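Okay, so here's the structure we're looking at.
Reconstructed Cβ throughout: ideal geometry from the backbone, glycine too, with neighbour counts over all protein chains shown. Derivation of every value follows stated rules applied to the coordinates shown; laboratory data play no part.
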Amino acid sequence: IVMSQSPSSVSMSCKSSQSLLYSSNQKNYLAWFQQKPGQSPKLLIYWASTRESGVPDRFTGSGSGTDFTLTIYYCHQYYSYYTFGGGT
Amino acid sequence: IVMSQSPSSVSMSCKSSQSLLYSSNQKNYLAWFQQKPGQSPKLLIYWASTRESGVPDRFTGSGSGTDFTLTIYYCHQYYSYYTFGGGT
Amino acid sequence: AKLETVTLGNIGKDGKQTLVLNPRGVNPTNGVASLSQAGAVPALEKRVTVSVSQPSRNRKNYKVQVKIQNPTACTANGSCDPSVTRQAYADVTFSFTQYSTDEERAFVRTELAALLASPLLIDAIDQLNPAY
Amino acid sequence: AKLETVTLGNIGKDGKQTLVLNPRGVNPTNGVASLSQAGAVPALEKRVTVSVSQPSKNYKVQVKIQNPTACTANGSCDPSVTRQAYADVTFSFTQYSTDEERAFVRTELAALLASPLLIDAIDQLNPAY
Amino acid sequence: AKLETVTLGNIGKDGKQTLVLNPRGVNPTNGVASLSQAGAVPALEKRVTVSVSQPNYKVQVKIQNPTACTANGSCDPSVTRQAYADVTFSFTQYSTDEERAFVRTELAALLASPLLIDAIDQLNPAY
Amino acid sequence: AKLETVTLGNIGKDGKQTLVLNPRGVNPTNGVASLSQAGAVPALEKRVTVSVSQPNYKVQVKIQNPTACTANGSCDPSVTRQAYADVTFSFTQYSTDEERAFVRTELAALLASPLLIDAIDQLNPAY
Amino acid sequence: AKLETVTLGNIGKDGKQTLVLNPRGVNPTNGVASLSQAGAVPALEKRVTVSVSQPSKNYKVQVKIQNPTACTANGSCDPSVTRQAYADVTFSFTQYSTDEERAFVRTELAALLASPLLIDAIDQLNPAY
Amino acid sequence: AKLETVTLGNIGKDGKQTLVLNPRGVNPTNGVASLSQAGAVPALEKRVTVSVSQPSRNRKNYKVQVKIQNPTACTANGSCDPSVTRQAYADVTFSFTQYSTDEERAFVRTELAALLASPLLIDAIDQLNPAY
Amino acid sequence: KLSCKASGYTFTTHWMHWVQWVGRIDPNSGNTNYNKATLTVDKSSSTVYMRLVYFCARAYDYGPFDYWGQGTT
Amino acid sequence: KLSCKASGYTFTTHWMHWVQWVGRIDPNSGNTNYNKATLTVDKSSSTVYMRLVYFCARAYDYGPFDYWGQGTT
């Protein structure tokens, strides 16, 4: 499947092709990344809501299947295809 | 033993020297191969009838001992001598 | 409901883990639906079993039972195939009167599911420290 | 850890219910630590009990919860108890078990209690077919 | 077959309401499959049981619909009354499929005839 | 009501054949109304009996279809075997018309569902 | 897997015979799943039963088939049964067995049942000398 | 027939396998013909045994019995020669009345040989999932 | 021939991933999944080899990419 | 010195074959069958060495050649 998101121009939004709820629970399979242009990408949010420890509380992500957003940067699925999304 | 088949000129036919039924069942020991001139040979049919998974259904092979054919390419025995047969 | 593959996400100590359970059919002798993980060597498989018991002449009380079992494998010295060393069990039993509404049963289920994530339970199960 | 107030959130079928549990000490005869509802009469309260054991074979962890349904008494001023809703959990671990295995078992059970299979076989009592 | 959710439709006195049954497991002791509704309290709930026997072959179906009031004294609702139906077929070991299908389809057509909707609904004995 | 000729249609395994019943008088001793086919010898003939009781109210319906061979020795045909069905409803004296119509229409809809056409025709026990 | 219709092909000595088996449910007292002939009276039908077991030592798999010979009755209209032809298969595997070993055993048995030795010691009952 | 080497082709899970069985002679004490695979260490050999029993005064019924046994070897830790860890058995028993024709026996044999290849049996034997 | 050495956890778990997504391997049974470039594993040194900026990351079977290795250019 | 590395299955089975038929080896007991060119086996790396287009294939004792390796020229 293909993953698309908003252009380089706060609240970002990433949208996948088909649904992303693969679990019997209500858990999505999206991850958010950021990188300084001279460093490796850093995991920000996994399960689309968990806010991995070690990140400031300002990064709050939310969203159901096919409609995800990040409030105040790559969007990546990690279940089947492991494809990223080009964006600022 | 020696294995021969039809010239480079559909239904091909490969013929061995002696019989090829070596099993107590009614199973032959012939295999069919094909290769693109820049790739490794690919197994098409084994036991002369099984049509290995991953090949189109158009390749239907049949034949009893010493008389084998392939309908719409090397013929190879894989029991004792592992010798091939020159042909198109 | 119908037995289907059950995919559980956000599990494990760190919360970054998945467990896919494939159905194995309902046993007609005792009415126990079984779920198992996809593997060979049937002695090295995760197992989950759920069952519901109607009130008979002796019980007269609904009972829901859930059992999970996780074996661990270790290739011992001088041995070729892996064996089973330790077993980890967990047994859950619910009891509901015939006049129990849906709200009570849902409340009990969600209360248990939320208790199993409080710091008291994670400390008493992960580290085995008694509640003191 | 320590017996503090446990404020469970998002309880119930609708997903918006809270339960506040206060400590009630530890029984010195069997070591069971108790938790009870916040503002309920001691005869109409929701109870939770946990206790761990030690070998003398395997470590046994047991959690018991109990929920009575207090109907408003027709004549009397003291509402009685009509029904009880029980739920029991029993973990069992070998003395050589690591922390990851036990945490995996606990989180697996917590995730199972939210799958459609269990929410259908517990809320509506329909066995899996 | 295998127990699955069963959704009867068009049933009722007027033919509008529908009823959905949910399987509830075969009883191992006597092999009595069970089906029950989904909604109400487990003690106030319509249920259906079918049990094919083995040797003469016996097929027995039971249905009961309990109706509950709310007693003034108590908050809990109690079973005021319930209505039963007990259908039991009996076949010989030499009977064919066409003979057994005739009985079931004939019985299922009598219950939709004016003879039996005036002898069960209005309770008029046939004379 | 009053006994009249009853013409069930669409019955059968395939749903094409039809069956016509003819009234044969209420038995005075127990008030069991009777209906029977028209064609065959009186001893080789499908018959239906319905008897509404009075006090709990009981409605009981019986149907039997006898199948006959021609024995080699004799010219007369004998009853080789027959298949029975015994439907019995039971209602309370306080039951309304809408409760009794629900049971009859629910039972008449179970017999046309895959649960019971695979447990009577092919005799597969439900599990 | 699932109890569906099993259409066996190329049965018989001549190699051109078909048998169609319909499911007949699972016995809830011992878990044996049954299969029976398509259009046969329940007293003159070919039966097949399979069932697997679980340790409580080894996993036991058992397959039983049964074939009656229904002679046309001389006087009566109901053909009776004269003879029965039984065949029983019993697999036994350790709980540590892989899938390849069990598949190898099954395919080895299926290939043996077609060798000249067995087709001569089963069709004509000549012991191997 | 006569005991000869039996070569079985198209066996195994994938269908690409052969098994050559050499004769080992007929036991005169109980009339059991034995076939074995060519190897050393007689405890690590595949075995196949067939036997037919005539109707005696007690049985009065023909019986054909086929047994196959496959042991597996594993070189354990701190050991030099391989041992046997697991055993895999399969027991087949036929029963035929004295008046059973050839057609019935051939039908039974071929029916069993075709059942052992249906998806139901491959799922119930390879994966041990009960037929549900 | 690009190498990635993992230290700080048991190497047998945690499928190793490569991103410019390229591929993945499992240090148990050596299962591979590709998107010209092959991968091998070394048990003793706990190193992942990439035969031909390339990043090296590890994750569970269905989990997120936790830690990312540095590039090689 | 031509090498052939097998990955994706247990190396102990599956006699390894070489075709321009040339020869075969068994990764258990090192049995060889030749048609000037010798073969050796390496247990640790699961590699077959061919001492002197050459193809590398694997098959059972009496089965067909399933997978063919690439040539070396």
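Here the simple spin-label model places points 7 Å from the Cα toward Cβ, and for A:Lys36 and G:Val81 these points are separated by 8.4 nm.
In the protein assembly as shown, a dipole from Cβ-located charges (positive for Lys and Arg, negative for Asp and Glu) runs towards its positive end, and of A:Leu20, B:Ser13, E:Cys69 it is B:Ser13 whose Cα lies farthest in that direction. So what's the angle, to the nearest 10 degrees on a 0 to 90 scale, between helix H:102-115 and the longest Cα principal axis of chain H? That works out to roughly 30 degrees.
Might you report the magnitude of the Cβ-based charge dipole of chain J about its Cα centre, with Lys and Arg at +1 and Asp and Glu at -1, to the nearest 20 debye? Mind showing how you got there, number by number?
Details: 7 positive and 4 negative charges, 55 e Å.
The dipole of chain J has a size of about 260 debye.
Average partner chain C-beta neighbours within 10 Å, per residue of C:76-86? Can you show the working numbers first?
Numbers: counts 2, 4, 8, 8, 9, 7, 1, 2, 2, 2, 8.
Partner Cβ neighbours, averaged per residue: 5.
The relative contact order of the range C:1-130, computed from alpha carbon pairs under 8 Å that lie at least 6 residues apart in sequence, is 13 percent. The distance separating the Cα centre of the range G:104-129 from that of the range B:1-74 comes to 28 Å.
Which Cα, out of H:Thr18, H:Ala76, H:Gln98, lies furthest along the positive dipole direction of the range H:15-118 (beta carbon charges, K/R +1, D/E -1)? Of the options given, the answer is H:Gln98.
Set the Förster distance to 56 Å, then compute FRET efficiency between I:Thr47 and F:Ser78 from the Cβ-Cβ distance, nearest 0.05. Before the final figure, lay out the partial values.
Values: r = 90 Å, r/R0 = 1.60.
It comes out at approximately 0.05.
Taking the axis that rotates chain I onto chain J, the chain I residue nearest to it by Cβ, with the distance rounded to whole Å, is I:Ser44, 8. Summing Cβ point charges (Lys, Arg +1; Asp, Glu -1) relative to the Cα centre of the protein assembly as shown gives a dipole of roughly 1700 debye. Distance between the pseudo-spin-label points of H:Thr75 and J:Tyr67 (7 Å out from Cα toward the beta carbon): 2.5 nm.
Counts of other chain beta carbons within 10 angstrom of each beta carbon in peptide D:1-11 average 5.
Modelled this way, with points 7 Å down the Cα-to-C-beta line, the labels at G:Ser56 and I:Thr12 are 3.4 nm from one another. Sorted shortest first, the distances from the B:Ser19 label point to those of the same residue in the other copies are 6.1 nm; each point sits 7 Å from Cα along Cα-to-Cβ. Between the amide H of C:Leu3 and those of D:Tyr129, distances stay under 5 Å, these residues lying 5 or more places away or on another chain, with hydrogens modeled in the peptide plane. Taking 32 Å as the limit for the C-alpha separation, the pairs D:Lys57/G:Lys2; B:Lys36/H:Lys13; E:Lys2/H:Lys63; H:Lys46/I:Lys36; I:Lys43/J:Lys36; B:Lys42/H:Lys67 exceed it in the case of D:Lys57/G:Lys2; E:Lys2/H:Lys63; H:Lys46/I:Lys36; I:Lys43/J:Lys36; B:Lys42/H:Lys67.
Based on DSSP H runs of at least 4 residues, each adding -39500 (n - 2.57), what is the mean residue ellipticity at 222 nm of the protein assembly as shown after dividing by all its residues, to the nearest 500 deg cm²/dmol?
Numbers: 12 runs with 124 residues, N = 1098.
Calculated at 222 nm, the ellipticity per residue is -3500 deg cm²/dmol.
Averaged over peptide G:65-71, the number of partner chain Cβ atoms lying within 10 Å of each residue's Cβ comes to 3. No disulfide-compatible partner, judged by a Cβ distance under 4.7 Å, exists for the following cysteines of the protein assembly as shown: C:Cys74, D:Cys77, E:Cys69, F:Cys75, G:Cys71, H:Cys80.
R0 = 25 Å: FRET efficiency of C:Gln65 with C:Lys2, Cβ-based, nearest 0.05? Computed FRET efficiency for C:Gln65 and C:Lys2: 0.80. Considering chain H, its Cα convex hull presents a mean projected area of 11.9 nm². For the protein assembly as shown, the C-alpha radius of gyration sits at 1.13 times the compact-globule guess of 2.2 N^0.38 Å, with N the residue count. Distances from I:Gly71 to itself in the other copies, using label points 7 Å out along the Cα-Cβ axis, amount to 3.9 nm in increasing order.
Please find the FRET efficiency linking G:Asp120 to B:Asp67, where r is the Cβ-Cβ separation and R0 is fixed at 22 Å, and quote it to the nearest 0.05.
Given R0 = 22 Å and the Cβ-Cβ separation, E is 0.20.
Placing a label point 7 Å from the Cα of B:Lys42 along the Cα-to-Cβ direction, the distances to the matching points in the other copies come to 4.9 nm, shortest first.
Could you give the size of the charge dipole of chain A about its Cα centre, using +1 on the Cβ of each K and R and -1 on the Cβ of each D and E, expressed in debye and rounded to the nearest 20?
Working: 6 positive and 3 negative charges, 22 e Å.
Dipole of chain A, to the nearest 20 debye: 100 debye.
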